[PDB]
Amino acid sequence: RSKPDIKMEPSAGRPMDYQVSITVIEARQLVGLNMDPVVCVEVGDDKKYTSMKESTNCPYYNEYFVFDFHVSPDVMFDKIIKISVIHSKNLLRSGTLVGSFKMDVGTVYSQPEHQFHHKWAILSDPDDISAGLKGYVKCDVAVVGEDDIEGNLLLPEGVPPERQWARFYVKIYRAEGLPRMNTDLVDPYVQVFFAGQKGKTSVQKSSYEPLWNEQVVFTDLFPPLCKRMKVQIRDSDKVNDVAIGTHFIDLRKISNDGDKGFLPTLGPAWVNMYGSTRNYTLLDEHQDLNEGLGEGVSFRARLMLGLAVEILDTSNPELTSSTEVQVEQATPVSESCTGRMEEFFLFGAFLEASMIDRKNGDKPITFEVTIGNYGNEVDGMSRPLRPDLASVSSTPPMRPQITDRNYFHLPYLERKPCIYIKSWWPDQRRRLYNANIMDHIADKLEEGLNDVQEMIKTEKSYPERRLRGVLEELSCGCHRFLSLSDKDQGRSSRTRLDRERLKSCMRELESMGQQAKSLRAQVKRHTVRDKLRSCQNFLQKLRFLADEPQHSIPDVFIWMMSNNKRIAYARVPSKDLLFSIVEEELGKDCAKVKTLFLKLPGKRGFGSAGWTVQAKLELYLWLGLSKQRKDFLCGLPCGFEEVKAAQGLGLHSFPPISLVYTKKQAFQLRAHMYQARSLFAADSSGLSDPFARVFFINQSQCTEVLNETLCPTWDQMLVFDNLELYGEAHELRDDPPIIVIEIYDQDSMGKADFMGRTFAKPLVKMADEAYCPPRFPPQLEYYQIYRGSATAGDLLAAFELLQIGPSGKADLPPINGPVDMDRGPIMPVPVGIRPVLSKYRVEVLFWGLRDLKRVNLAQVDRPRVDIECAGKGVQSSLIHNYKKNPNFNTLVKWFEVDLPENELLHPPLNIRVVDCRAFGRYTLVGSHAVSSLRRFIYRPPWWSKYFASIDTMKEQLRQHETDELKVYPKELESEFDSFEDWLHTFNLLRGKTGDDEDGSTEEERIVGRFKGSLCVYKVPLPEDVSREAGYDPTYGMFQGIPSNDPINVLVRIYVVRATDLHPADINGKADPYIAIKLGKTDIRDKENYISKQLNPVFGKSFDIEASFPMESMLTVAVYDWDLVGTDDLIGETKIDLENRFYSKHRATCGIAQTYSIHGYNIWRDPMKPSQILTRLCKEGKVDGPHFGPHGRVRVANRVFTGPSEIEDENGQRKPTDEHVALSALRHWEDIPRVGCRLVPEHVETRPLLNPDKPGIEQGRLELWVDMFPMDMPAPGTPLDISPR
């Protein structure tokens, strides 16, 4: 696989809705006298307080606090939680602070389920090193998108409870390259933030190159729970205090905990921070990028910085007792120790630049390649003289040309402009060289893991030894890094972090080279699927080691301007651009023709401000020293000449300002698009008008618009012709240029609306290659379609890029073009590339549909469902009365349709339901299409036992982490395949698909939910299938299916107890009761609510008739009782008795362990197990039962044995058939054709869900539900499970 995944809108910089929740449970061992504590919780600037507790050292609150944000993930993690015991706070007095505990959101989120539970917050006096410990405050925390103190601390691993105060020195020396503010001078000062404490240097007025040589001194507890420092170059404008740039120092990459690791240190070395545009806009909408809230769009400033964390002894009297952020003159160092100053030379070559927006391509456009302070001559820098060349940094303004209505292209063609920059940077190439080595190893690890996952999920053989070879290559790469990075250990201009961090990666990857060989033995033929997920734990640490805090050279920016106004940008990091003689030290984007996509600056690159590509460039880049420009043209496309400028005429080492091209290979691209599927709904009808517009270099071609479908089959090859590819064959065969496929809805105005985008790489054939298998012809395989943030479709294509031949286009294999003469210029996908189509009969069970939401404050009385698959389709019977009978009057009605032979290439079968209005205007009220037909392909083949079962499920929990009845430790539909044995369930949709800014949510699209079954088989059909359709052609495969007809059904619910219910009251002990909604019937136990109970025991039994299957929709709920207003809601759950009732699993009544009619084991099913087995025999078309003696039975070709006799409550021996009958119920899977499993009498663990707090647990409930139809013999009297 070489197909790219270049997403224009990644997760970085995306803001999401977030919630922080805190319960302040209690406090104990508080140090002091007569304190009356008010616990204060501050997250950011939002501060809340508890209630009043009077004169205690051990208070109890159990109070709740909720805060909500909508910020980017890195913005959240710097925010500080400030739980504090504050003695005697009121509105006029800031109370006397006992102690506090500063600890950020990122440490919460680093916990595996993002929570801390019942843990004691280690409060300490934050403004005194010598003050004692200030007790512990038991609390719990949660961030969502035993009671001993030492066993339950609120700390991560490694942190001692007796934390040591340490001075967190940061040193601010000098800065360079500052932009304009005043009209246009600058007045800088640097402000540092850490754990709410701030410290700023003195302002040096009127200097682009300041030199403070000052430092900011914090005082905080080692190890720091606040995890980043906000270092921010700032301008001291007196009216508007505005920032220039911001870099975050990450504490984990500069440290390793323990004596085996090292204390944190950094620098003194340069730091490259970014922000808004290079010019000073009078109003700057990218001011948030100056604040570091997102990705920086242009380089703002660079700043030498240091870090000198030193641990103090808390009992030392000579130290300063205050923890304030003092301002102190630092100790300056020479700039030679930061790196020997060297000259660097950038090279760039613009080959192609297409896909320019039509709204901006009216005028001649200019590029601008910049690296840091150098290469920005057009903007008029505040640069001094040479610390020289004119620094040609712009392509000439060239008139664009039209590709289509959407996009332009640039007529570079034979002339490719080039840009070369002189720059001066400190030589710190090893920080990016080791990053390149370990990034190459991590890229190989990514490719191996993705190949193993893709090849595992396609079930191609031999996976685990391939994974073992991947980890063997990983071990070889570990040894390669062990040998490579040691070659310049004795460098003199080297910081302490460059020693200790390097030692850390040496130790880690030395261990990793043997952990790979250990997990090589751990990976087997059956454990490969989960050890593959275990393998990327290595990849997490390797990606973490790959990035480094010490910057040397800032990132290379490529810009766009017309009228010298910036419209589009890109930012490639410079670490992949250095040239090195070591292949692992060589950057990934260096000396290679790299595809790169521009995007809009700031917040307007996301969402509805633009979805179109700003530009697509085949940019060549190179970076290195000015003495290393020896062979920097080795990766360029050959067959070219160089045109140079006046400053470097005749010099062999001088780079050209432009190239003129002598080789123009004619290339024809056969773009085979056959199908798209699961697309976005851009039209108001819940469907779209999709067509594929494919871009390749300077031209574009369009397939014809298909109408009113989300799974189009265009079946349309487009032949791009007479295009020009430059260079030789070795730059195209193993790495062709990219293909961008864009999907659009042909709307009512004529102008199309955006639908998505996918990328591709064609299989390349030169004229000397034979068009022979296994390479040619190219097979169809999928391409994931993205519409920016979210996935919005899947496309099927088999692109091949072919040379236009030495004699003509006829040297290519002959095009199997338009045999259908009406197609004309539209031309089909040829045979061999299209799949073989074999006829499959599709059989639909039109069972019914429930749970329609009341759109337009009513319900549709006459719905009818049409199924459409690959053009062909069938329709059900029209509903004559929906509320009386929500079930179609149709048997298994089928249609025969040509389908793809390969099962992975099956199209999504569409299901839609319409209201049958006048004139055949079939207005859609629901539509669901997402299914894979391989699933539907058919080929012929009381307390006394309860507490014992409680001990049993404790054993089941302890074995999972390492009489009687069954206990399921998860939800009942998890064990029993959701009772979807043949009565399948699908979920309908309506409206436009939910874009994050233009559309609704996906829950708002939910309108109905279909019940039915699908059976797919070939029309050349097998022999047992010929028997099955033989008994009834009106049912097909569906023989012996029970009737649809409605019935009154008794609903019998036993509820045992509830556990760990979330209280709404601030005391922490709710007042719950059981509330049951069944169909349209309300039953509440509010008169018998169990007050003041976290784990109440109900023991109530409820019998209530329902109009099944219309009333087969039940919720079992718990309600915190409240007389005033309404009772607070805890949570509900979905039951849906319909899939229980008609299942073969016998969900009507559970079966006990052994047959007994006395005491706590009395057979509660009114129909005895012998009659149960006879019923399952006639319903399962299997002969039986055939009892001999009461201890044995023959059912089909199988024999079951067991006991024979039972005593009643009178103690008299009654021999019945029921014992071996119930034993056969517990061996009912032995039947070779109809065998299955039966539901036993059980108890169940039920998650409760509240839409007030979605996606998280509200408590558990234990219960089990039986039900009985009212034409069978009458149910037994309601049993009682009242507690002891």
# chains A, B, ... in the order shown; residues from 1 in each chain; ligands from 1

call {"tool": "select_by_dssp", "arguments": {"residues": "segment 552-692 of chain A", "states": "strand (DSSP E or B)", "output": "PDB file with C-alpha atoms, in the first residue's frame"}}
result
ATOM      1  CA  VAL A 556       9.834  26.118   6.377  1.00  0.00           C
ATOM      2  CA  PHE A 557       6.753  28.060   5.281  1.00  0.00           C
ATOM      3  CA  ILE A 558       5.320  28.301   1.765  1.00  0.00           C
ATOM      4  CA  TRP A 559       2.902  31.166   1.220  1.00  0.00           C
ATOM      5  CA  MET A 560       0.417  32.610  -1.261  1.00  0.00           C
ATOM      6  CA  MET A 561      -0.231  36.246  -2.105  1.00  0.00           C
ATOM      7  CA  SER A 562      -2.020  38.440  -4.587  1.00  0.00           C
ATOM      8  CA  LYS A 565      -2.033  39.940   0.657  1.00  0.00           C
ATOM      9  CA  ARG A 566      -1.640  36.510   2.244  1.00  0.00           C
ATOM     10  CA  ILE A 567      -4.401  34.017   1.410  1.00  0.00           C
ATOM     11  CA  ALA A 568      -2.984  30.482   1.811  1.00  0.00           C
ATOM     12  CA  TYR A 569      -0.103  28.803   3.615  1.00  0.00           C
ATOM     13  CA  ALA A 570       1.637  25.556   4.477  1.00  0.00           C
ATOM     14  CA  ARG A 571       4.118  24.600   7.178  1.00  0.00           C
ATOM     15  CA  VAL A 572       6.568  21.724   6.718  1.00  0.00           C
ATOM     16  CA  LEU A 578      18.345  18.190   6.340  1.00  0.00           C
ATOM     17  CA  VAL A 593       9.353  15.425  -4.983  1.00  0.00           C
ATOM     18  CA  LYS A 594       6.797  15.925  -2.211  1.00  0.00           C
ATOM     19  CA  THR A 595       3.077  16.516  -2.643  1.00  0.00           C
ATOM     20  CA  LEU A 596       1.814  19.193  -0.260  1.00  0.00           C
ATOM     21  CA  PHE A 597      -1.548  20.921   0.127  1.00  0.00           C
ATOM     22  CA  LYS A 599      -4.806  25.594   3.542  1.00  0.00           C
ATOM     23  CA  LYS A 616      -1.583  21.312  -4.558  1.00  0.00           C
ATOM     24  CA  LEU A 617       2.168  21.499  -5.132  1.00  0.00           C
ATOM     25  CA  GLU A 618       4.738  18.981  -6.348  1.00  0.00           C
ATOM     26  CA  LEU A 619       7.347  20.934  -4.422  1.00  0.00           C
ATOM     27  CA  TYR A 620      10.989  19.876  -4.331  1.00  0.00           C
ATOM     28  CA  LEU A 621      12.835  20.888  -1.173  1.00  0.00           C
ATOM     29  CA  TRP A 622      16.365  20.616   0.192  1.00  0.00           C
ATOM     30  CA  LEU A 623      18.073  21.973   3.298  1.00  0.00           C
ATOM     31  CA  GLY A 624      21.598  21.719   4.648  1.00  0.00           C
ATOM     32  CA  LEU A 625      24.768  23.680   5.204  1.00  0.00           C
ATOM     33  CA  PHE A 640      16.465  19.712 -17.523  1.00  0.00           C
ATOM     34  CA  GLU A 641      18.672  22.779 -17.890  1.00  0.00           C
ATOM     35  CA  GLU A 642      19.428  25.597 -15.465  1.00  0.00           C
ATOM     36  CA  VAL A 643      18.828  29.341 -15.862  1.00  0.00           C
ATOM     37  CA  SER A 658      14.517  28.650 -12.767  1.00  0.00           C
ATOM     38  CA  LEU A 659      14.647  25.493 -14.861  1.00  0.00           C
ATOM     39  CA  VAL A 660      13.744  24.925 -18.502  1.00  0.00           C
ATOM     40  CA  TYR A 661      12.648  21.415 -19.395  1.00  0.00           C
ATOM     41  CA  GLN A 665       6.793  12.470 -21.625  1.00  0.00           C
ATOM     42  CA  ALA A 666       3.250  12.170 -22.956  1.00  0.00           C
ATOM     43  CA  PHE A 667       1.072  10.349 -20.430  1.00  0.00           C
ATOM     44  CA  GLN A 668      -2.479   8.998 -20.562  1.00  0.00           C
ATOM     45  CA  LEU A 669      -4.231   8.205 -17.274  1.00  0.00           C
ATOM     46  CA  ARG A 670      -7.064   5.653 -17.357  1.00  0.00           C
ATOM     47  CA  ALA A 671      -9.142   6.732 -14.352  1.00  0.00           C
ATOM     48  CA  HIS A 672     -11.520   3.836 -13.673  1.00  0.00           C
ATOM     49  CA  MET A 673     -14.253   4.911 -11.249  1.00  0.00           C
ATOM     50  CA  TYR A 674     -16.957   2.278 -10.830  1.00  0.00           C
ATOM     51  CA  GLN A 675     -18.785   2.861  -7.553  1.00  0.00           C
ATOM     52  CA  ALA A 676     -19.182   5.049  -4.500  1.00  0.00           C
ATOM     53  CA  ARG A 677     -21.094   4.220  -1.334  1.00  0.00           C
ATOM     54  CA  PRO A 690     -23.233  12.496  -6.817  1.00  0.00           C
ATOM     55  CA  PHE A 691     -20.605  12.757  -9.535  1.00  0.00           C
ATOM     56  CA  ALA A 692     -16.832  12.310  -9.461  1.00  0.00           C
TER      57      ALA A 692
END

call {"tool": "select_by_dssp", "arguments": {"residues": "segment 977-1218 of chain A", "states": "alpha helix (DSSP H)", "output": "number ranges by chain"}}
result
A: 1023-1031, 1137-1141, 1169-1179, 1218

call {"tool": "write_last_selection", "arguments": {"atoms": "C-alpha atoms", "output": "mmCIF file, in the first residue's frame"}}
result
data_model
loop_
_atom_site.group_PDB
_atom_site.id
_atom_site.type_symbol
_atom_site.label_atom_id
_atom_site.label_comp_id
_atom_site.auth_asym_id
_atom_site.auth_seq_id
_atom_site.Cartn_x
_atom_site.Cartn_y
_atom_site.Cartn_z
ATOM 1 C CA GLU A 1023 -29.718 -28.688 -2.888
ATOM 2 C CA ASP A 1024 -30.768 -28.064 0.723
ATOM 3 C CA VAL A 1025 -31.768 -24.561 -0.368
ATOM 4 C CA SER A 1026 -33.837 -26.267 -3.083
ATOM 5 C CA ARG A 1027 -35.473 -28.304 -0.333
ATOM 6 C CA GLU A 1028 -36.078 -25.178 1.773
ATOM 7 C CA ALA A 1029 -37.705 -23.207 -1.040
ATOM 8 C CA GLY A 1030 -39.318 -26.528 -1.985
ATOM 9 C CA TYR A 1031 -41.754 -26.706 0.938
ATOM 10 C CA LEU A 1137 -39.230 -7.555 24.440
ATOM 11 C CA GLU A 1138 -39.895 -8.277 20.725
ATOM 12 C CA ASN A 1139 -36.460 -9.762 20.004
ATOM 13 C CA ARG A 1140 -36.698 -11.791 23.211
ATOM 14 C CA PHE A 1141 -40.128 -13.228 22.420
ATOM 15 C CA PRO A 1169 -40.369 -28.997 30.846
ATOM 16 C CA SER A 1170 -41.641 -32.120 29.048
ATOM 17 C CA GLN A 1171 -44.254 -29.996 27.277
ATOM 18 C CA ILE A 1172 -41.573 -27.318 26.763
ATOM 19 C CA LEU A 1173 -39.357 -29.836 24.975
ATOM 20 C CA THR A 1174 -42.339 -31.100 22.953
ATOM 21 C CA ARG A 1175 -43.119 -27.479 22.004
ATOM 22 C CA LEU A 1176 -39.524 -26.843 20.948
ATOM 23 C CA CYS A 1177 -39.674 -30.100 18.987
ATOM 24 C CA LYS A 1178 -42.747 -29.128 16.960
ATOM 25 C CA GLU A 1179 -41.546 -25.536 16.532
ATOM 26 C CA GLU A 1218 -39.509 -33.544 33.428
#

call {"tool": "residues_around", "arguments": {"residues": "segment 280-291 of chain A", "least_positions_apart": "6", "cutoff": "9 Å", "atoms": "only C-alpha atoms", "output": "count of residues only"}}
result
18

call {"tool": "residues_around", "arguments": {"residues": "segment 796-807 of chain A", "least_positions_apart": "2", "cutoff": "10 Å", "atoms": "only C-alpha atoms", "output": "PDB file with C-alpha atoms, in the first residue's frame"}}
result
ATOM      1  CA  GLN A 665       6.793  12.470 -21.625  1.00  0.00           C
ATOM      2  CA  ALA A 666       3.250  12.170 -22.956  1.00  0.00           C
ATOM      3  CA  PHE A 667       1.072  10.349 -20.430  1.00  0.00           C
ATOM      4  CA  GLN A 668      -2.479   8.998 -20.562  1.00  0.00           C
ATOM      5  CA  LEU A 669      -4.231   8.205 -17.274  1.00  0.00           C
ATOM      6  CA  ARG A 670      -7.064   5.653 -17.357  1.00  0.00           C
ATOM      7  CA  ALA A 671      -9.142   6.732 -14.352  1.00  0.00           C
ATOM      8  CA  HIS A 672     -11.520   3.836 -13.673  1.00  0.00           C
ATOM      9  CA  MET A 673     -14.253   4.911 -11.249  1.00  0.00           C
ATOM     10  CA  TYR A 674     -16.957   2.278 -10.830  1.00  0.00           C
ATOM     11  CA  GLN A 675     -18.785   2.861  -7.553  1.00  0.00           C
ATOM     12  CA  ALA A 676     -19.182   5.049  -4.500  1.00  0.00           C
ATOM     13  CA  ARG A 677     -21.094   4.220  -1.334  1.00  0.00           C
ATOM     14  CA  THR A 713     -22.507   3.129  -9.720  1.00  0.00           C
ATOM     15  CA  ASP A 715     -19.382   2.703 -14.188  1.00  0.00           C
ATOM     16  CA  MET A 717     -13.778   5.354 -17.014  1.00  0.00           C
ATOM     17  CA  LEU A 718     -12.416   8.832 -17.743  1.00  0.00           C
ATOM     18  CA  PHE A 720      -7.076  11.903 -19.210  1.00  0.00           C
ATOM     19  CA  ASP A 721      -5.065  12.408 -22.367  1.00  0.00           C
ATOM     20  CA  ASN A 722      -2.195  14.482 -23.814  1.00  0.00           C
ATOM     21  CA  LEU A 723      -0.792  15.400 -20.400  1.00  0.00           C
ATOM     22  CA  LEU A 725       4.977  14.232 -17.010  1.00  0.00           C
ATOM     23  CA  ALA A 729      10.826   6.440 -15.615  1.00  0.00           C
ATOM     24  CA  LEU A 732       7.169   7.671 -11.758  1.00  0.00           C
ATOM     25  CA  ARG A 733       6.976   3.865 -11.587  1.00  0.00           C
ATOM     26  CA  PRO A 736       3.723   8.562  -9.334  1.00  0.00           C
ATOM     27  CA  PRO A 737       2.125  11.954  -8.622  1.00  0.00           C
ATOM     28  CA  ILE A 739      -4.707  11.920  -7.901  1.00  0.00           C
ATOM     29  CA  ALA A 760      -5.080   7.942  -4.882  1.00  0.00           C
ATOM     30  CA  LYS A 761      -1.909   6.620  -6.487  1.00  0.00           C
ATOM     31  CA  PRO A 762      -2.088   5.001  -9.938  1.00  0.00           C
ATOM     32  CA  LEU A 763      -0.392   1.771 -10.939  1.00  0.00           C
ATOM     33  CA  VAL A 764       2.190   2.821 -13.509  1.00  0.00           C
ATOM     34  CA  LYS A 765       3.006   0.997 -16.752  1.00  0.00           C
ATOM     35  CA  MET A 766       5.890   1.989 -19.004  1.00  0.00           C
ATOM     36  CA  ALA A 767       6.010   0.988 -22.666  1.00  0.00           C
ATOM     37  CA  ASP A 768       8.616  -1.740 -22.073  1.00  0.00           C
ATOM     38  CA  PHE A 776      -1.897  -5.807 -14.742  1.00  0.00           C
ATOM     39  CA  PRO A 777      -4.852  -5.163 -15.096  1.00  0.00           C
ATOM     40  CA  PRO A 778      -5.326  -3.110 -11.887  1.00  0.00           C
ATOM     41  CA  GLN A 779      -7.962  -4.553  -9.566  1.00  0.00           C
ATOM     42  CA  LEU A 780     -10.632  -2.455  -7.881  1.00  0.00           C
ATOM     43  CA  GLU A 781      -9.948  -1.588  -4.249  1.00  0.00           C
ATOM     44  CA  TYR A 782     -11.352   0.959  -1.856  1.00  0.00           C
ATOM     45  CA  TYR A 783     -10.438   4.557  -0.991  1.00  0.00           C
ATOM     46  CA  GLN A 784     -11.692   6.203   2.194  1.00  0.00           C
ATOM     47  CA  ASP A 794     -16.076   5.096   0.380  1.00  0.00           C
ATOM     48  CA  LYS A 809      -1.906   5.191 -28.161  1.00  0.00           C
ATOM     49  CA  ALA A 810      -2.574   1.835 -29.857  1.00  0.00           C
ATOM     50  CA  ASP A 811       0.497   0.276 -28.191  1.00  0.00           C
ATOM     51  CA  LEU A 812      -1.546   0.255 -24.982  1.00  0.00           C
ATOM     52  CA  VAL A 829     -15.152   0.441 -16.976  1.00  0.00           C
ATOM     53  CA  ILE A 833     -11.298  -4.541 -14.262  1.00  0.00           C
ATOM     54  CA  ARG A 834     -15.009  -4.688 -13.446  1.00  0.00           C
ATOM     55  CA  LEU A 905     -17.191  -5.698  -3.381  1.00  0.00           C
TER      56      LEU A 905
END

call {"tool": "atom_distance", "arguments": {"atom1": "atom CA of residue 112 of chain A", "atom2": "atom CA of residue 154 of chain A"}}
result
14.8 Å

call {"tool": "atom_distance", "arguments": {"atom1": "atom CA of residue 586 of chain A", "atom2": "atom CA of residue 446 of chain A"}}
result
18.3 Å

call {"tool": "closest_residue", "arguments": {"among": "A:417, A:1283, A:364, A:1254", "to": "residue 350 of chain A", "atoms": "only C-alpha atoms"}}
result
A:417

call {"tool": "residues_around", "arguments": {"residues": "residue 1275 of chain A", "least_positions_apart": "2", "cutoff": "7 Å", "atoms": "only C-alpha atoms", "output": "PDB file with N, CA, C and O atoms, in the first residue's frame"}}
result
ATOM      1  N   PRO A1166     -45.604 -22.177  33.965  1.00  0.00           N
ATOM      2  CA  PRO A1166     -46.830 -22.989  34.066  1.00  0.00           C
ATOM      3  C   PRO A1166     -46.823 -24.224  33.190  1.00  0.00           C
ATOM      4  O   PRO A1166     -47.459 -25.224  33.542  1.00  0.00           O
ATOM      5  N   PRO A1273     -51.788 -22.221  28.462  1.00  0.00           N
ATOM      6  CA  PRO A1273     -52.303 -22.338  29.838  1.00  0.00           C
ATOM      7  C   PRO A1273     -51.784 -21.253  30.773  1.00  0.00           C
ATOM      8  O   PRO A1273     -50.656 -20.773  30.638  1.00  0.00           O
ATOM      9  N   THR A1277     -49.379 -18.024  39.936  1.00  0.00           N
ATOM     10  CA  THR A1277     -49.626 -16.844  40.750  1.00  0.00           C
ATOM     11  C   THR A1277     -48.313 -16.105  41.016  1.00  0.00           C
ATOM     12  O   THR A1277     -47.251 -16.733  41.084  1.00  0.00           O
TER      13      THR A1277
END

call {"tool": "residues_around", "arguments": {"residues": "segment 697-699 of chain A", "least_positions_apart": "2", "cutoff": "7 Å", "atoms": "only C-alpha atoms", "output": "PyMOL selection string"}}
result
chain A and resi 354+403+409+695

call {"tool": "residues_around", "arguments": {"residues": "residue 980 of chain A", "least_positions_apart": "3", "cutoff": "8 Å", "atoms": "only C-alpha atoms", "output": "mmCIF file with N, CA and C atoms, in the first residue's frame"}}
result
data_model
loop_
_atom_site.group_PDB
_atom_site.id
_atom_site.type_symbol
_atom_site.label_atom_id
_atom_site.label_comp_id
_atom_site.auth_asym_id
_atom_site.auth_seq_id
_atom_site.Cartn_x
_atom_site.Cartn_y
_atom_site.Cartn_z
ATOM 1 N N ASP A 977 -25.863 -12.474 21.847
ATOM 2 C CA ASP A 977 -25.800 -11.947 20.472
ATOM 3 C C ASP A 977 -26.944 -10.984 20.167
ATOM 4 N N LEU A 983 -34.164 -12.506 13.479
ATOM 5 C CA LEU A 983 -35.003 -11.308 13.416
ATOM 6 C C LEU A 983 -34.128 -10.069 13.605
ATOM 7 N N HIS A 984 -33.541 -9.636 12.493
ATOM 8 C CA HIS A 984 -32.538 -8.587 12.527
ATOM 9 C C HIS A 984 -33.187 -7.208 12.661
ATOM 10 N N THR A 985 -32.352 -6.225 12.992
ATOM 11 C CA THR A 985 -32.799 -4.876 13.303
ATOM 12 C C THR A 985 -31.904 -3.868 12.595
ATOM 13 N N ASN A 1139 -37.533 -8.869 20.432
ATOM 14 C CA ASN A 1139 -36.460 -9.762 20.004
ATOM 15 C C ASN A 1139 -36.242 -10.885 21.014
ATOM 16 N N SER A 1143 -37.445 -15.239 19.598
ATOM 17 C CA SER A 1143 -36.166 -15.922 19.487
ATOM 18 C C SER A 1143 -36.307 -17.391 19.870
#

call {"tool": "closest_residue", "arguments": {"among": "A:873, A:1276, A:1072, A:1131", "to": "residue 1257 of chain A", "atoms": "only C-alpha atoms"}}
result
A:1131

call {"tool": "closest_residue", "arguments": {"among": "A:131, A:1041, A:227, A:1231", "to": "residue 316 of chain A", "atoms": "only C-alpha atoms"}}
result
A:131

call {"tool": "atom_distance", "arguments": {"atom1": "atom CA of residue 375 of chain A", "atom2": "atom CA of residue 185 of chain A"}}
result
20.8 Å

call {"tool": "closest_residue", "arguments": {"among": "A:204, A:497, A:1260, A:449", "to": "residue 535 of chain A", "atoms": "only C-alpha atoms"}}
result
A:449
